[PDB]
Amino acid sequence: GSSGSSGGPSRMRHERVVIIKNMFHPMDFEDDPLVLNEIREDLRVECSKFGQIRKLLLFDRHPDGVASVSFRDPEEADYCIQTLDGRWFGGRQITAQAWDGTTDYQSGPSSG
């Protein structure tokens, strides 16, 4: 630390999103919505245990069950990724991790 510009900007510059695998399947939603309902809400109630859910996005397209849980503070997520890496959804276990910005799960084509 040192004197200087003490203050000014009030924004965060770091990853604040987490991904989950083996939590759901795009085949369970085809039979009934509830599946996605309970699952989605579950991700919001699970990540809340530590704090709140700034935003949630369930990718009901990937056959490997992929979800994106946004967080407000990096302290929570970073800690929610290690505690959620062992969660169980639909009866099976799931993994957690911090996203960066390379996957094309929800993202789209940035051309034409």
# chains A, B, ... in the order shown; residues from 1 in each chain; ligands from 1
$ select_by_dssp --residues "stretch 14-109 of chain A" --states "strand (DSSP E or B)" --output "list in words"
residues 17, 18, 19, 20, 21, 55, 56, 57, 58, 59, 66, 67, 68, 69, 70, 88, 89, 92, 93, 95, 96, 97 and 98 of chain A
$ write_last_selection --atoms "N, CA and C atoms" --output "PDB file, in the first residue's frame"
ATOM      1  N   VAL A  17     -18.245 -15.733 -12.143  1.00  0.00           N
ATOM      2  CA  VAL A  17     -19.180 -16.738 -12.632  1.00  0.00           C
ATOM      3  C   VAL A  17     -18.633 -18.146 -12.425  1.00  0.00           C
ATOM      4  N   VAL A  18     -19.534 -19.104 -12.232  1.00  0.00           N
ATOM      5  CA  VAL A  18     -19.142 -20.493 -12.024  1.00  0.00           C
ATOM      6  C   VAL A  18     -19.926 -21.428 -12.936  1.00  0.00           C
ATOM      7  N   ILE A  19     -19.300 -22.537 -13.315  1.00  0.00           N
ATOM      8  CA  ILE A  19     -19.941 -23.515 -14.187  1.00  0.00           C
ATOM      9  C   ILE A  19     -20.157 -24.839 -13.461  1.00  0.00           C
ATOM     10  N   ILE A  20     -21.170 -25.584 -13.892  1.00  0.00           N
ATOM     11  CA  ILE A  20     -21.480 -26.872 -13.284  1.00  0.00           C
ATOM     12  C   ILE A  20     -21.655 -27.953 -14.346  1.00  0.00           C
ATOM     13  N   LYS A  21     -21.174 -29.155 -14.045  1.00  0.00           N
ATOM     14  CA  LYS A  21     -21.278 -30.275 -14.971  1.00  0.00           C
ATOM     15  C   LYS A  21     -21.988 -31.457 -14.317  1.00  0.00           C
ATOM     16  N   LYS A  55     -27.210 -13.636 -10.800  1.00  0.00           N
ATOM     17  CA  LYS A  55     -27.861 -14.081 -12.026  1.00  0.00           C
ATOM     18  C   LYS A  55     -27.640 -15.573 -12.248  1.00  0.00           C
ATOM     19  N   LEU A  56     -28.610 -16.223 -12.883  1.00  0.00           N
ATOM     20  CA  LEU A  56     -28.521 -17.652 -13.159  1.00  0.00           C
ATOM     21  C   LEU A  56     -28.877 -17.949 -14.612  1.00  0.00           C
ATOM     22  N   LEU A  57     -28.154 -18.887 -15.214  1.00  0.00           N
ATOM     23  CA  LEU A  57     -28.395 -19.267 -16.601  1.00  0.00           C
ATOM     24  C   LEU A  57     -28.190 -20.766 -16.799  1.00  0.00           C
ATOM     25  N   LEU A  58     -29.286 -21.485 -17.014  1.00  0.00           N
ATOM     26  CA  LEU A  58     -29.227 -22.928 -17.221  1.00  0.00           C
ATOM     27  C   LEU A  58     -29.212 -23.265 -18.708  1.00  0.00           C
ATOM     28  N   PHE A  59     -28.137 -23.907 -19.153  1.00  0.00           N
ATOM     29  CA  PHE A  59     -27.999 -24.288 -20.554  1.00  0.00           C
ATOM     30  C   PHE A  59     -28.686 -25.624 -20.824  1.00  0.00           C
ATOM     31  N   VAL A  66     -24.888 -28.259 -18.302  1.00  0.00           N
ATOM     32  CA  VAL A  66     -24.032 -27.105 -18.055  1.00  0.00           C
ATOM     33  C   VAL A  66     -24.849 -25.903 -17.596  1.00  0.00           C
ATOM     34  N   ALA A  67     -24.463 -25.331 -16.460  1.00  0.00           N
ATOM     35  CA  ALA A  67     -25.159 -24.172 -15.913  1.00  0.00           C
ATOM     36  C   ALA A  67     -24.176 -23.069 -15.538  1.00  0.00           C
ATOM     37  N   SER A  68     -24.645 -21.826 -15.578  1.00  0.00           N
ATOM     38  CA  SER A  68     -23.806 -20.680 -15.247  1.00  0.00           C
ATOM     39  C   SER A  68     -24.421 -19.865 -14.114  1.00  0.00           C
ATOM     40  N   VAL A  69     -23.740 -19.841 -12.973  1.00  0.00           N
ATOM     41  CA  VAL A  69     -24.218 -19.098 -11.813  1.00  0.00           C
ATOM     42  C   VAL A  69     -23.356 -17.868 -11.553  1.00  0.00           C
ATOM     43  N   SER A  70     -23.929 -16.691 -11.782  1.00  0.00           N
ATOM     44  CA  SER A  70     -23.210 -15.438 -11.576  1.00  0.00           C
ATOM     45  C   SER A  70     -23.207 -15.050 -10.102  1.00  0.00           C
ATOM     46  N   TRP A  88     -25.011 -32.524  -5.339  1.00  0.00           N
ATOM     47  CA  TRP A  88     -25.715 -33.614  -6.008  1.00  0.00           C
ATOM     48  C   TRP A  88     -27.032 -33.128  -6.601  1.00  0.00           C
ATOM     49  N   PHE A  89     -27.170 -33.263  -7.916  1.00  0.00           N
ATOM     50  CA  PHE A  89     -28.382 -32.836  -8.606  1.00  0.00           C
ATOM     51  C   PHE A  89     -29.024 -34.004  -9.350  1.00  0.00           C
ATOM     52  N   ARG A  92     -27.369 -37.377  -8.908  1.00  0.00           N
ATOM     53  CA  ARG A  92     -25.955 -37.563  -9.213  1.00  0.00           C
ATOM     54  C   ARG A  92     -25.133 -36.372  -8.730  1.00  0.00           C
ATOM     55  N   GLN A  93     -23.837 -36.591  -8.540  1.00  0.00           N
ATOM     56  CA  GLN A  93     -22.942 -35.536  -8.079  1.00  0.00           C
ATOM     57  C   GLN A  93     -22.606 -34.573  -9.213  1.00  0.00           C
ATOM     58  N   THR A  95     -19.847 -31.050 -10.440  1.00  0.00           N
ATOM     59  CA  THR A  95     -18.604 -30.330 -10.201  1.00  0.00           C
ATOM     60  C   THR A  95     -18.791 -28.830 -10.402  1.00  0.00           C
ATOM     61  N   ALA A  96     -17.934 -28.040  -9.762  1.00  0.00           N
ATOM     62  CA  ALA A  96     -18.004 -26.588  -9.874  1.00  0.00           C
ATOM     63  C   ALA A  96     -16.643 -25.999 -10.228  1.00  0.00           C
ATOM     64  N   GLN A  97     -16.657 -24.840 -10.877  1.00  0.00           N
ATOM     65  CA  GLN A  97     -15.423 -24.173 -11.275  1.00  0.00           C
ATOM     66  C   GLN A  97     -15.696 -22.740 -11.719  1.00  0.00           C
ATOM     67  N   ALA A  98     -14.641 -21.934 -11.784  1.00  0.00           N
ATOM     68  CA  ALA A  98     -14.768 -20.541 -12.196  1.00  0.00           C
ATOM     69  C   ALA A  98     -14.594 -20.396 -13.704  1.00  0.00           C
TER      70      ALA A  98
END
$ residues_around --residues "residue A:80" --least-positions-apart "5" --cutoff "10 Å" --atoms "only C-alpha atoms" --output "NGL selection string"
:A and (18 or 46-51 or 71 or 74-75 or 85 or 96-98)
$ atom_distance --atom1 "atom CA of residue A:109" --atom2 "atom CA of residue A:61"
16.3 Å
$ residues_around --residues "residue A:38" --least-positions-apart "2" --cutoff "12 Å" --atoms "only C-alpha atoms" --output "PDB file with C-alpha atoms, in the first residue's frame"
ATOM      1  CA  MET A  23     -26.135 -31.696 -12.985  1.00  0.00           C
ATOM      2  CA  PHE A  24     -28.880 -32.034 -15.596  1.00  0.00           C
ATOM      3  CA  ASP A  28     -35.159 -34.693 -18.941  1.00  0.00           C
ATOM      4  CA  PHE A  29     -36.728 -31.374 -19.939  1.00  0.00           C
ATOM      5  CA  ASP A  32     -41.210 -32.671 -18.243  1.00  0.00           C
ATOM      6  CA  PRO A  33     -40.330 -29.044 -17.394  1.00  0.00           C
ATOM      7  CA  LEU A  34     -40.291 -29.651 -13.640  1.00  0.00           C
ATOM      8  CA  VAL A  35     -36.847 -31.197 -14.096  1.00  0.00           C
ATOM      9  CA  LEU A  36     -35.401 -27.903 -15.331  1.00  0.00           C
ATOM     10  CA  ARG A  40     -32.625 -24.157 -12.008  1.00  0.00           C
ATOM     11  CA  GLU A  41     -34.172 -23.012  -8.726  1.00  0.00           C
ATOM     12  CA  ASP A  42     -31.854 -25.452  -6.953  1.00  0.00           C
ATOM     13  CA  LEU A  43     -28.792 -23.711  -8.390  1.00  0.00           C
ATOM     14  CA  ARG A  44     -30.153 -20.378  -7.163  1.00  0.00           C
ATOM     15  CA  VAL A  45     -30.921 -21.717  -3.686  1.00  0.00           C
ATOM     16  CA  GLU A  46     -27.624 -23.604  -3.497  1.00  0.00           C
ATOM     17  CA  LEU A  58     -29.227 -22.928 -17.221  1.00  0.00           C
ATOM     18  CA  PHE A  89     -28.382 -32.836  -8.606  1.00  0.00           C
ATOM     19  CA  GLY A  90     -31.061 -35.165  -9.938  1.00  0.00           C
TER      20      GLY A  90
END
$ decode --residues "stretch 73-103 of chain A" --atoms "N, CA, C and O atoms" --output "mmCIF file, in the first residue's frame"
data_model
loop_
_atom_site.group_PDB
_atom_site.id
_atom_site.type_symbol
_atom_site.label_atom_id
_atom_site.label_comp_id
_atom_site.auth_asym_id
_atom_site.auth_seq_id
_atom_site.Cartn_x
_atom_site.Cartn_y
_atom_site.Cartn_z
ATOM 1 N N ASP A 73 -19.863 -11.074 -5.420
ATOM 2 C CA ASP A 73 -18.520 -10.975 -4.861
ATOM 3 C C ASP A 73 -17.690 -12.203 -5.223
ATOM 4 O O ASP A 73 -18.181 -13.332 -5.236
ATOM 5 N N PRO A 74 -16.401 -11.980 -5.522
ATOM 6 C CA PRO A 74 -15.476 -13.056 -5.890
ATOM 7 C C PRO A 74 -15.145 -13.963 -4.710
ATOM 8 O O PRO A 74 -14.788 -15.127 -4.892
ATOM 9 N N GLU A 75 -15.267 -13.423 -3.502
ATOM 10 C CA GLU A 75 -14.980 -14.185 -2.292
ATOM 11 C C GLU A 75 -15.957 -15.348 -2.137
ATOM 12 O O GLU A 75 -15.569 -16.449 -1.750
ATOM 13 N N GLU A 76 -17.225 -15.091 -2.441
ATOM 14 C CA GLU A 76 -18.258 -16.115 -2.334
ATOM 15 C C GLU A 76 -18.060 -17.201 -3.388
ATOM 16 O O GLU A 76 -17.772 -18.352 -3.064
ATOM 17 N N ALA A 77 -18.217 -16.824 -4.653
ATOM 18 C CA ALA A 77 -18.054 -17.762 -5.756
ATOM 19 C C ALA A 77 -16.823 -18.640 -5.554
ATOM 20 O O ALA A 77 -16.929 -19.863 -5.467
ATOM 21 N N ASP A 78 -15.657 -18.007 -5.479
ATOM 22 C CA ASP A 78 -14.406 -18.730 -5.286
ATOM 23 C C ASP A 78 -14.556 -19.798 -4.207
ATOM 24 O O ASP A 78 -13.915 -20.848 -4.266
ATOM 25 N N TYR A 79 -15.405 -19.522 -3.223
ATOM 26 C CA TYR A 79 -15.637 -20.457 -2.129
ATOM 27 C C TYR A 79 -16.803 -21.387 -2.445
ATOM 28 O O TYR A 79 -16.895 -22.491 -1.906
ATOM 29 N N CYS A 80 -17.690 -20.935 -3.324
ATOM 30 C CA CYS A 80 -18.852 -21.726 -3.714
ATOM 31 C C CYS A 80 -18.475 -22.764 -4.767
ATOM 32 O O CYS A 80 -19.182 -23.754 -4.957
ATOM 33 N N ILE A 81 -17.359 -22.529 -5.448
ATOM 34 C CA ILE A 81 -16.890 -23.443 -6.482
ATOM 35 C C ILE A 81 -16.224 -24.670 -5.869
ATOM 36 O O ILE A 81 -16.164 -25.731 -6.491
ATOM 37 N N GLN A 82 -15.726 -24.518 -4.645
ATOM 38 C CA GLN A 82 -15.065 -25.616 -3.949
ATOM 39 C C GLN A 82 -16.064 -26.407 -3.111
ATOM 40 O O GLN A 82 -15.835 -27.573 -2.789
ATOM 41 N N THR A 83 -17.174 -25.765 -2.759
ATOM 42 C CA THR A 83 -18.208 -26.408 -1.957
ATOM 43 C C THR A 83 -19.315 -26.974 -2.838
ATOM 44 O O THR A 83 -20.049 -27.875 -2.429
ATOM 45 N N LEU A 84 -19.431 -26.440 -4.049
ATOM 46 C CA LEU A 84 -20.451 -26.893 -4.990
ATOM 47 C C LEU A 84 -19.892 -27.958 -5.928
ATOM 48 O O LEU A 84 -20.632 -28.576 -6.693
ATOM 49 N N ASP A 85 -18.581 -28.169 -5.861
ATOM 50 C CA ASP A 85 -17.923 -29.161 -6.703
ATOM 51 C C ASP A 85 -18.288 -30.575 -6.261
ATOM 52 O O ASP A 85 -17.889 -31.554 -6.889
ATOM 53 N N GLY A 86 -19.050 -30.673 -5.176
ATOM 54 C CA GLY A 86 -19.454 -31.971 -4.668
ATOM 55 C C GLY A 86 -20.955 -32.081 -4.489
ATOM 56 O O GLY A 86 -21.449 -33.057 -3.925
ATOM 57 N N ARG A 87 -21.682 -31.078 -4.970
ATOM 58 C CA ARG A 87 -23.136 -31.065 -4.858
ATOM 59 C C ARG A 87 -23.751 -32.227 -5.632
ATOM 60 O O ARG A 87 -23.096 -32.840 -6.475
ATOM 61 N N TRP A 88 -25.011 -32.524 -5.339
ATOM 62 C CA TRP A 88 -25.715 -33.614 -6.008
ATOM 63 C C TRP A 88 -27.032 -33.128 -6.601
ATOM 64 O O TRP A 88 -27.906 -32.641 -5.883
ATOM 65 N N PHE A 89 -27.170 -33.263 -7.916
ATOM 66 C CA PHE A 89 -28.382 -32.836 -8.606
ATOM 67 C C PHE A 89 -29.024 -34.004 -9.350
ATOM 68 O O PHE A 89 -28.336 -34.806 -9.981
ATOM 69 N N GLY A 90 -30.347 -34.093 -9.270
ATOM 70 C CA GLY A 90 -31.061 -35.165 -9.938
ATOM 71 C C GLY A 90 -30.698 -36.532 -9.391
ATOM 72 O O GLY A 90 -31.162 -37.554 -9.897
ATOM 73 N N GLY A 91 -29.865 -36.551 -8.356
ATOM 74 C CA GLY A 91 -29.453 -37.809 -7.759
ATOM 75 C C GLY A 91 -27.981 -38.098 -7.975
ATOM 76 O O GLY A 91 -27.407 -38.961 -7.311
ATOM 77 N N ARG A 92 -27.369 -37.377 -8.908
ATOM 78 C CA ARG A 92 -25.955 -37.563 -9.213
ATOM 79 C C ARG A 92 -25.133 -36.372 -8.730
ATOM 80 O O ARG A 92 -25.664 -35.278 -8.536
ATOM 81 N N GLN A 93 -23.837 -36.591 -8.540
ATOM 82 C CA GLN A 93 -22.942 -35.536 -8.079
ATOM 83 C C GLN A 93 -22.606 -34.573 -9.213
ATOM 84 O O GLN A 93 -22.758 -34.908 -10.389
ATOM 85 N N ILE A 94 -22.152 -33.378 -8.854
ATOM 86 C CA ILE A 94 -21.794 -32.368 -9.842
ATOM 87 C C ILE A 94 -20.506 -31.650 -9.453
ATOM 88 O O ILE A 94 -20.118 -31.636 -8.284
ATOM 89 N N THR A 95 -19.847 -31.050 -10.440
ATOM 90 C CA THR A 95 -18.604 -30.330 -10.201
ATOM 91 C C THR A 95 -18.791 -28.830 -10.402
ATOM 92 O O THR A 95 -19.691 -28.397 -11.121
ATOM 93 N N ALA A 96 -17.934 -28.040 -9.762
ATOM 94 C CA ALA A 96 -18.004 -26.588 -9.874
ATOM 95 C C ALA A 96 -16.643 -25.999 -10.228
ATOM 96 O O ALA A 96 -15.605 -26.584 -9.921
ATOM 97 N N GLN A 97 -16.657 -24.840 -10.877
ATOM 98 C CA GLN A 97 -15.423 -24.173 -11.275
ATOM 99 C C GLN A 97 -15.696 -22.740 -11.719
ATOM 100 O O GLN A 97 -16.838 -22.372 -11.995
ATOM 101 N N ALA A 98 -14.641 -21.934 -11.784
ATOM 102 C CA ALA A 98 -14.768 -20.541 -12.196
ATOM 103 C C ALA A 98 -14.594 -20.396 -13.704
ATOM 104 O O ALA A 98 -13.636 -20.909 -14.280
ATOM 105 N N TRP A 99 -15.529 -19.697 -14.336
ATOM 106 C CA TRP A 99 -15.480 -19.486 -15.779
ATOM 107 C C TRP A 99 -14.633 -18.264 -16.121
ATOM 108 O O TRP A 99 -14.422 -17.388 -15.283
ATOM 109 N N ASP A 100 -14.151 -18.212 -17.358
ATOM 110 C CA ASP A 100 -13.327 -17.097 -17.812
ATOM 111 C C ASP A 100 -14.012 -16.344 -18.948
ATOM 112 O O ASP A 100 -14.427 -15.197 -18.784
ATOM 113 N N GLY A 101 -14.126 -16.997 -20.100
ATOM 114 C CA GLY A 101 -14.760 -16.372 -21.248
ATOM 115 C C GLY A 101 -14.283 -16.957 -22.562
ATOM 116 O O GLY A 101 -13.905 -16.223 -23.477
ATOM 117 N N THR A 102 -14.299 -18.283 -22.659
ATOM 118 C CA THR A 102 -13.864 -18.965 -23.871
ATOM 119 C C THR A 102 -14.933 -19.928 -24.374
ATOM 120 O O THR A 102 -15.123 -20.086 -25.582
ATOM 121 N N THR A 103 -15.631 -20.570 -23.443
ATOM 122 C CA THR A 103 -16.682 -21.518 -23.793
ATOM 123 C C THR A 103 -17.747 -20.861 -24.664
ATOM 124 O O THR A 103 -17.999 -19.662 -24.554
#
